[PDB]
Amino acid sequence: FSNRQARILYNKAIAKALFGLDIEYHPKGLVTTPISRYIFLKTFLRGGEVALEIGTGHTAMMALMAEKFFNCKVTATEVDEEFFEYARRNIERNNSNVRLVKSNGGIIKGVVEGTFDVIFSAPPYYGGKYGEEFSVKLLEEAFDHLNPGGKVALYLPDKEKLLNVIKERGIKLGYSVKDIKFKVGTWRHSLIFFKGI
């Protein structure tokens, strides 16, 4: 598709002009819009974090941004082997130290070890009754992999039922939550869950 084509050249140009990133896009990969995702990061990243991204995707855009702009020590997972291959190439084309880990299907248990100040993701969301399952499992598994005062941030669509479920579940897990909404912009939400103590 050529409308996708225009959309991917527009984004690749944004990636380079705003972020200094040379990004190659896989032909059936999601059209990663960097400006929205940077804006998501500004919502919780403060500099210096030991960071895990779940599901970086073909572009690895957020892992790359977190390391370049926020001084983070990044580990990033991907489950799709084609998408993993592009992440590898994007990490290399940008002289990056992100640690790319292949997932055989899990989220964090059985995929990575260690602890983090931040664990973040732009989850798929479409299973569960409202598309919330993945986000809820990530929040369950993330708990033991966070340092005191660590957090999990999720980049999520404007879907009221889905957001409310994720929020109540995260709270039931022991987190507090900040929900910040922004249009950047064809409406997005950053759900930030604080472990604390």
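Residue indices: 1-based, along the sequence shown.
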For the neighbouring pair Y126 and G127, the stretch of deposited sequence with no coordinates amounts to 10 or more
Counting residues of the deposited sequence that sit between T186 and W187 but have no coordinates, the total is 1 to 3
Avg C-alpha B-factor, entry values, 128 to 136 vs 160 to 168, higher side is 128 to 136
Split the chain's modelled residues into thirds by Cα B-factor; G57 lands in the lowest
Quick tally, chain-level thirds of C-alpha B-factors: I108 sits in the highest
Chain thirds by Cα B factor, record data; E49 belongs to the lowest
Assert third(CA B-factor, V118) within chain per record equals middle
Among the modelled residues of its chain, the C-alpha B-factor of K68 falls in the third labelled highest
